């Protein structure tokens, strides 16, 4: 139930932290260029299909297609001022209208409704252009809450996406919903991989005392770069990053497998 990660999996989890890091380069969004170091390192033939920015909540993201890897990537990020994203949050809920009994964080859902009409027809269009390709959704920090709600809404509202071609990856993701929402997520069968690095605070906020719970399987970077234990349950265990609480840190939020997550370095 608590395995070490095969280097093959450490490679996979690193590829996606590197793509989530690209969303912080201005030149990618709103710059509309794929010429950043991480960019070119993980998906060299990427064609940026779109970028969208929400000036209201500073939720940015982009749709990217890679004919080589047969993947359509949906990537998000919120604000990169992370000490004010954490101190200025409200741990209140909104109803998750698709599922009876579910509720998600109120602010992350209002940032999501703000940008859904900017990616969703573009993704749909690329699956009609490219029907054999898979959709990977990804992000760091607040961008991880958007990614989980994004992959769940693509599941709900697009017939062609299912566990065969929809995948979700986040590094640094906050919790998003109450236990019924968590339950529904693992019930979809969409693979969700939540990596958290060492003592990073943000997967620990909003806390369980307020009613929030994480779905998906946790892969914890314990020491440095290849020491990743996997808590293979699809609901969160106290066996992985929850064991270090309250000895928590915002500084571990800022690099994942040694890639800067926050400043495009």
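Numbering follows the first chain given and starts at 1.
- The stretch 86 to 94 shows the higher mean C-alpha B-factor when 86 to 94 is compared against 146 to 154 in the entry.
- For the pair 218 to 226 and 44 to 52, the mean B factor over Cα atoms is greater in 218 to 226.
- Each of 76, 112, 119, 133 has a CA temperature factor in the record; the biggest one is found at 119.
- For residue 257, the recorded CA temperature factor ranks within the highest third of the chain's modelled residues.
- Ranked within its chain, residue 129 lands in the highest third, by CA B factor from the PDB record.
- Annotation for residue 37: CA B-factor lies in the lowest third of the chain's modelled residues.
- In this PDB entry, residue 245 carries a Cα temperature factor that places it within the highest third of its chain's modelled residues.
- Residue 251: CA B factor in the highest third of modelled residues in this chain (values from the PDB entry).
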